[PDB]
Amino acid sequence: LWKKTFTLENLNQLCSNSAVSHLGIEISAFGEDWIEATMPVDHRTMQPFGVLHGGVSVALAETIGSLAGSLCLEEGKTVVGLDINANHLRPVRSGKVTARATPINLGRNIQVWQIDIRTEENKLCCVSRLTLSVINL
């Protein structure tokens, strides 16, 4: 559960003028134990032949997962990406995809997050697991 209070407006403002904003990523929604971000599938995020770039899908997964992790810490605490993995399940040709981050294990020094990315038709196109280090900033 979240340890910090936040608003979608402020989170997006926090991600402005960075790789996140550059890829058209928008923190779109959250629940009590999950948070999502959407990303469009267009020339900024597609491979040269017209389908969502799998590498960019991973960029979305690390973004939402890292953000989620940072919201689960108290003051004077932040996360740093240690490693990440993903499986590309199906090609996406249009619309926007939505990546949802849910916690797997939140430890004192390490956090592990799951990220499921779905198409506008609610079909899973990518699944990823992210490992974060917790450090005193």
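Don't overthink the numbering: it's just position in the shown sequence, from 1.
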Of 50 to 58 and 66 to 74, the one with larger mean CA B-factor = 66 to 74
request  = Please work out which of 113 to 121 and 9 to 17 has the higher mean CA B-factor as recorded in the PDB entry.
outcome  = 9 to 17
query = Highest CA temperature factor in the entry: which of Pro40, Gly31, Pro103, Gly107?
reply = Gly107
ask   = What third of the chain, by the recorded C-alpha B-factor, contains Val80?
value = middle
task = Could you tell me which third, lowest, middle or highest, the C-alpha B-factor of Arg44 occupies within its chain?
result = middle
